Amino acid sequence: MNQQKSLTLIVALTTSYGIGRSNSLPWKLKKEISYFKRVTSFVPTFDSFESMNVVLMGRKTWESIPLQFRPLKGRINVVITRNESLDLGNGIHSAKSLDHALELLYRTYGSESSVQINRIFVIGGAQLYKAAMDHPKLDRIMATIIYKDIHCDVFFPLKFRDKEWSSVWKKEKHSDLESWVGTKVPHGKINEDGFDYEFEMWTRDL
């Protein structure tokens, strides 16, 4: 009713868990952003008829996305916001929280609907990551790790890759990565504009 699907989080962070700086991305990765697109837009062909995935984001992230690329094309876009008097959108929903966002969707995209949801993604920011991380339906993390310690002022809320969470978070094999995002993905490090990064998939039991 409120929670049918599992939540998936997608983030890019430095080894020190930094995700932002000056309400921006401390970096510029063309291939990192294309993987983003790919992962969150992908829906099985046979189902490519009826379905769309969901991109849930907080207000600030929405404001950061190049206005030329907003709304995210091909995905159900939902902005999380308390102070929502006049959201701006032509069928771009607003919701006062993740749980409210989940019942909104579950109420709009019902059997009535010609449009049905496939997967649901939390794309940021720090603040929504924090709510997602505590949600009882969050079971997968789509993370891109950057091997540079760039200066950030925004950090990811749980050190999911540290020994302390090793009995809860498990890092899946790459072959498993590709099986889920339904495509061959670069393995090992990619270097761009001097940055060395890598794609990983972390799961947890609920």
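Numbers follow the displayed sequence, beginning with 1. Just so we're on the same page, rigid core means the largest C-alpha set that superposes within 1.5 Å between forms.
For 145 to 153 versus 22 to 30, the mean Cα distance to the shown form in 7 other deposited structures of this protein after rigid core alignment is larger for 22 to 30. After superposing on the rigid core, the larger RMS C-alpha deviation in 7 other deposited structures of this protein belongs to 90 to 98, the other candidate being whichever of 71 to 79 and 90 to 98 remains. When the mean C-alpha temperature factors of 29 to 37 and 52 to 60 are read from the deposited coordinates, 29 to 37 comes out higher. Annotation for 64 to 72 versus 154 to 162: the higher mean temperature factor (C-alpha) is found in 64 to 72. By the numbers in the PDB entry, the CA B factor is greatest at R82 among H135, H93, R82, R119. By the numbers in the PDB entry, the CA B factor is greatest at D149 among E172, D149, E178, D139. When the modelled residues of the chain are ordered by their C-alpha B factor, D196 lands in the middle third. When the CA B factors of the chain's modelled residues are split into thirds, the value for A101 lands in the middle one.
Residue-level temperature factors show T8 in the lowest third of its chain, judged at the C-alpha atom.
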